[PDB]
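**Q**
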Amino acid sequence: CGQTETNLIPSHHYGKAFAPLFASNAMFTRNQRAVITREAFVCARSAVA
Amino acid sequence: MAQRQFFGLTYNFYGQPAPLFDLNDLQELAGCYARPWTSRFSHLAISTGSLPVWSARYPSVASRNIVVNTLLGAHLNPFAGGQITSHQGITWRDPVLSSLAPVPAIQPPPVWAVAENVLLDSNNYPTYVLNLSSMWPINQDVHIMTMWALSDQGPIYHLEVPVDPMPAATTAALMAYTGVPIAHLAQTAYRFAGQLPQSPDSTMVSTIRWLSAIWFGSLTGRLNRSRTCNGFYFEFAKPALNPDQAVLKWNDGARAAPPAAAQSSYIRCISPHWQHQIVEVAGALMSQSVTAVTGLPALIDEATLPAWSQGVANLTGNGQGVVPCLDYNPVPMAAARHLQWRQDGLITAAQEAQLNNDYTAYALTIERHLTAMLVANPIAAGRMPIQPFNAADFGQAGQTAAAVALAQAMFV
Amino acid sequence: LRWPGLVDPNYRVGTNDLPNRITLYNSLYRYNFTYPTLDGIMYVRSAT
Amino acid sequence: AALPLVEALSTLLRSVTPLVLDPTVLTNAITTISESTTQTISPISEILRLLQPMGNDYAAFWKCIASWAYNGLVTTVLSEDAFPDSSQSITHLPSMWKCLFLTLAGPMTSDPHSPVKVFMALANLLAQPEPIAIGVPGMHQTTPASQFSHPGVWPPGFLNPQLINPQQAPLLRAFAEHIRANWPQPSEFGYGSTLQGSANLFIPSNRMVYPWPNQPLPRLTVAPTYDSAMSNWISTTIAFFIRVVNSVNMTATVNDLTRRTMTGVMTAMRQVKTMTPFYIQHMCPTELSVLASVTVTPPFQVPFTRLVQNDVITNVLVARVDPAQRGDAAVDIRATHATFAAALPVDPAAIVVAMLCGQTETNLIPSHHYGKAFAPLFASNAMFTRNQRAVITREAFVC
Amino acid sequence: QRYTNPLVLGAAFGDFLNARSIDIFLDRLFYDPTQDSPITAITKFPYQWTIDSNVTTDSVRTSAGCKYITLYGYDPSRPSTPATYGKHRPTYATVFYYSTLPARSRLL
Amino acid sequence: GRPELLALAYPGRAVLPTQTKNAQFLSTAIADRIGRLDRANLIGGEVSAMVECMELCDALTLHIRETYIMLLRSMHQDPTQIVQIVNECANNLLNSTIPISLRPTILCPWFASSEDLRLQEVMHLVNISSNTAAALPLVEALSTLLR
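Residue numbers (the numbering used here), protein chains in the order written: chain C, 2 to 50; chain E, 39 to 450; chain Z, 3 to 50; chain W, 11 to 409; chain V, 185 to 292; chain U, 223 to 369.
#1: Please state whether the Cβ-Cβ distance between residue 135 of chain W and residue 96 of chain W is less than 8 Å.
#2: So is residue 40 of chain E in contact with chain V if we call contact Cβ pairs under 8 Å?
#3: Using a beta-carbon distance below 8 Å, is residue 7 of chain Z in contact with chain E?
#4: Just the chain W side, please: which residues come within less than 8 Å of residue 287 of chain E by C-beta, in chain order?
#5: Output yes or no for whether 8 Å exceeds the beta carbon distance between residue 80 of chain W and residue 26 of chain W.
#6: Anything in chain B within Cβ reach of residue 225 of chain V, meaning under 9 Å, just list it in chain order.
#7: Using only the alpha-carbon positions, how far apart do residue 287 of chain W and residue 377 of chain W sit?
#8: Could you list which residues in chain V have their beta carbon closer than 9 Å to that of residue 238 of chain E, in chain order?
#9: For residue 191 of chain V, does the count of other Cβ atoms within 10 angstroms reach 16, so buried, or fall short, so exposed?
#10: For residue 202 of chain W, count neighbouring C-beta atoms within 10 Å of its own C-beta (all shown protein chains included) and say buried if the count is 16 or more, exposed if not.
#11: Following the continuous alpha helix (DSSP H) through residue 129 of chain W, name the residue where it begins and the one where it ends.
#12: Contact criterion: CB-CB distance below 8 Å. Does residue 357 of chain W meet it with respect to chain U?
#13: How about residue 263 of chain U and residue 340 of chain W: are their beta carbons less than 8 Å apart?
#14: Does the distance from the CB of residue 263 of chain E to the CB of residue 289 of chain E come in under 8 Å?
#15: For residue 327 of chain W, would you say it is in contact with chain E, using Cβ-to-Cβ distances shorter than 8 Å as the test?
#16: Name the residue from Z/21, Z/4, Z/8 and Z/27 whose alpha carbon lies nearest to the alpha carbon of residue 93 of chain E.
#17: Enumerate in chain order the residues of its own chain whose CB-to-CB distance from residue 274 of chain W is below 8 Å, with the five nearest sequence positions on each side excluded.
#18: By DSSP, does residue 318 of chain U sit in helix, in strand, or in coil?
#19: Any contact between the stretch 347 to 358 of chain W and the stretch 113 to 124 of chain W? By contact I mean 3 or more CB pairs, one from each, below 8 Å.
#20: My guess is that residue 250 of chain V and residue 276 of chain V are in contact by the Cβ rule of under 8 Å, so how many angstroms apart are they, rounded?
#21: State the DSSP-derived secondary structure class of residue 449 of chain E, mapped to helix, strand or coil.
#22: Nearest-angstrom Cα distance between residue 217 of chain W and residue 154 of chain W?
#23: Looking only at its chain, what residues have a beta carbon closer than 6 Å to the beta carbon of residue 409 of chain E, apart from the 5 residues adjacent to it on each side?
#24: On the criterion of 16 or more Cβ atoms from any shown chain inside 10 Å, does residue 196 of chain E qualify as buried, or is it exposed?
#25: With three or more beta-carbon pairs closer than 8 Å as the criterion, would you say the stretch 371 to 386 of chain W touches the stretch 18 to 37 of chain W?
#26: For a contact defined as C-beta to C-beta under 8 Å, what are the partners of residue 348 of chain W on chain U?
#27: Identify every residue that forms a DSSP beta bridge with residue 273 of chain U.
#28: Starting from the Cα of residue 216 of chain E, find the closest Cα among U/258, U/265 and U/249 and give me that residue.
#29: Do residue 126 of chain W and residue 352 of chain W have their C-beta atoms within less than 8 Å of each other?
#30: Within the same chain, show all residues whose beta-carbon is closer than 8 Å to that of residue 280 of chain W, passing over the 5 residues directly before and after it, in chain order.
#31: What do you reckon, are the CB atoms on residue 319 of chain E and residue 193 of chain E nearer than 8 Å?
#32: Cα-Cα, which of W/69, W/318 and W/185 is closest to residue 19 of chain W?
#33: In angstroms, rounded to a whole number, what distance separates the CA positions of residue 269 of chain E and residue 174 of chain E?
#34: In the DSSP assignment, find the beta strand (DSSP E) that holds residue 284 of chain E and state where it starts and stops.
#35: Taking the straight line between their C-alpha atoms, what separation do you get for residue 1 of chain C and residue 265 of chain W?
#36: Would you list the one or two residues that DSSP bridges to residue 214 of chain V?
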């Protein structure tokens, strides 16, 4: 029992629907974390050595 | 994109039984480092000519450039060998070449391939070609190698000015970077080009190429405040001592005469001074990136080339693109540039031209003496962390003025 | 030796001093860089 | 700085202008015809909503037209909140009217780029029925018109529509040809007198420029004065739309007969005997000329080029030092502008209503009218005292 | 004198055979082989018989050219039969054509 | 604030009342190199991108700070490329306004190589101690988002 809407226009629908989602800049901030991660790994190694 | 016969050329040795480094130096390298990727090297290079380029191991940036190549050259012969070799220091951290490993324990069987002066074809090695994606970042590095190693001079740098269809998008973006020195732009570029397994998307590609021209054009004289590439030239900041840092500058004077269609040169520097000229070097690193994308006219014909680097595969020829290389001695060029400038009446020679020629004369002297004095050590010990080269090499010749004139006519 | 450039006119204040001596007076580079949001750099088109 | 200058002129010129804007004529047209008892839901209402029959601000209308003539630095643009989001497809009745709107208001922008816009808004709604043959790498089927802010982007396929095979994009080919053929052509008016010339730089002092083609005043009492560039444009746009819709295949899930309805409305538009094309291409330039020389700040203009991409308005410079022998011109003002020249966004709705609903007076005696319009006005002139100012300012600079 | 597009042809009869729309294809049926440019107008088109790279700048897929069409009686594995290898299946092989060398490379 | 600091930052500023050991030194050194030799902007009506000033400054510390900056610079991305990233991610469904403007020294170090994301990922994976249920809240949450 799978149904959609009566006046479905996906193009349109998706435009609206997805819109707020990609307003969350938080994605990019993840990146920055990951580089320090890497950096810490490396640093740890060389010091302990 | 996958230029199948990605054949790269490892460096010769200066009448040496061994590749150019001693064990200690290579230890330094491999060991004190880890990744086979240029991050570490670029770290050093980037620091906008502040830090002295001198060290116990590493005399110049260019020094390191050379031992980077030789390192490569030696340690590839291992895994790129016919049936896989690897020991004495380096036994590769995984087949996929992940990291410079000190010999894994129970792993002797892959010997240390004692090679002489030998080009290799990356794609002929099954491991290498399997890993075409991961191959891509290192090929970039490879080129850098090859294109110093080919010769006994300062780097063989390639130029390109595609005239007419010029992307509007390129313009727009590029303007935002106004204020920065060539160095940092280059750095970002290389980083991108590596980070993404290389794209047919000419965007990046075009951009680098235009940049290279504008720099070169600037450096020559052709390009300046009043004769621009639409606004584009490179400004040589600080007119006293020889550190006259080429920043991308956008000023509207004139739009210089659109050439006929596609203009290509390659430059080399005959004089060891190249070593301390981050400008020169940074163009050469630019032209490498270019290479990864593009199948450049079969390399600078053997006419100006040492015997060991004649008859190379599909690289040197005789009847191709750019048969002769454009050759310069850096200090005479600065003079050349001032010439043009004065010929145009941009400026009085009076004080401007005199002064800077005075300073570059000084800078020559300093450089020459340091490079010689440093070379003395390798030219007595088994170790070589430096470009090999005689005092007669410094000579004010090597087709310096022709280069300049060609560069200029190119701009027509 | 602590201030090679200031002391002595010879020295263009960025010469390889390591690891010998820590210089205490030289060319300092200071910079003016804004941090703009990623959402700010570009204009939106809400009409999606 | 800009706004007092604009407001000022547009206010005065209002007063000066013997016009009867008549939105009421549209009001009656719609009421009378709308398939059925005009109280229907979804077609006939949408038209009403977008145009707003109420039109509680007759000033804005005329103002917006006047504003085209300004042209110095402060250039006028089609506002963004007019374009269909997410491209959409021409299926949409709503969208139909919108593009219609956009297109007729288009050439009354200072914006050079407006032909690219015109084209591109249609190409956006043509997406999905047809694959649009990409012309620039940057330029996609999806790339909003808003983002086409530089001459660098004028599609090769626009510039040579001949290239575009008139089977797959039949409508697009037509629309493009229609542009290039019938978009207003550039002309010139006579500015002032030799006492000062004018405050123009690029254009000989003697000249105003009318990107619209200005015509003489003979006996204009020849009610179908449709030979005007302006009126031609109107028709041909409407025409192309008819063409577009004539096939009616595109009306999946809209079970009510569009063609009837839309033809009726459009023909409605066309039937409205409006003088505004005439008055604007004839009477108004004059109007403007008369004022130009006396104004506080005299009109400053650059040659409008329709389709000549290489000659289009691109950059505006300044340099207190010798261009050649200066310094690499640091902050220059120049660079502050997002465009070729500092732009102001306008309303397509309004300009549309005013084009279609702008009539001339019963008791129209030009010679009488303009005499009375000029006289109070010129009485309060500042002309001579500004000439003084000017000479002073000059001497200040030099000293 | 006008030449035909083989793929479209194939496609046409096959769909027809399997009670499907064929008329839609006819606008590009007339094709001269001399000019190897499907790219021009196949900007989308179908994703049915063809899996074209939208403008098809890289490649054009064609429908699974199946060969050994089994007959009635042959359902049980028999040693004394021809090697059909069941190449009469949906699940076959993508018949990928490519314009040029860099097209080929990017496909890979 | 605090005028003090200037003195210390710029020895050379000082006048000579005595014929003393310190004086002697100062009077044998190259004076002109005090403060700002060059300022770096060309954009007319905007402030400077950088200053080039002879200052009381610690080479080692400088070096540290220099490096850091070079690291930051490497990660920094320009408008155009940012546009790309978003457009691609958007799969043209979603839409952003591409500006035609000169680039005003834009500091956004956000871009990181896969490499790092990869090691973050693994790190993440490793910290999921032994019980199967830990995955569930996350996957649950994604299902609600999806719904």
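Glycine included, each C-beta is placed from N, C-alpha and C at the ideal position.
**A** Working from what's here:
#1: no
#2: yes
#3: no
#4: Residues of chain W with a Cβ closer than 8 Å to the Cβ of residue 287 of chain E are, in chain order, 338.
#5: no
#6: Considering every chain present, this structure includes no chain B. Its protein chains are C, E, Z, W, V and U.
#7: 20 Å
#8: 286, 289 and 290
#9: Buried: at least 16 other Cβ atoms inside 10 Å.
#10: Residue burial annotation: residue 202 of chain W is buried, with at least 16 other C-beta atoms found within 10 angstroms of its C-beta.
#11: 124 to 135
#12: no
#13: yes
#14: yes
#15: yes
#16: Z/21
#17: Cβ neighbours of residue 274 of chain W beyond the five flanking positions: 43, 44 and 45.
#18: When DSSP states are grouped into helix, strand and coil, residue 318 of chain U belongs to the strand group.
#19: yes
#20: 6 Å
#21: coil
#22: 37 Å
#23: 310
#24: buried
#25: yes
#26: Those are 321, 322 and 323, listed as they occur along chain U.
#27: Z/32 and U/261
#28: U/265
#29: In terms of Cβ geometry, residue 126 of chain W and residue 352 of chain W do not form a close pair [threshold 8 Å].
#30: 244, 245 and 248
#31: yes
#32: W/69
#33: 35 Å
#34: 283 to 288
#35: In the structure as shown, chain C starts at 2 and stops at 50, and residue 1 of chain C therefore has no counterpart that could be examined.
#36: In DSSP, residue 214 of chain V forms a bridge with V/188.
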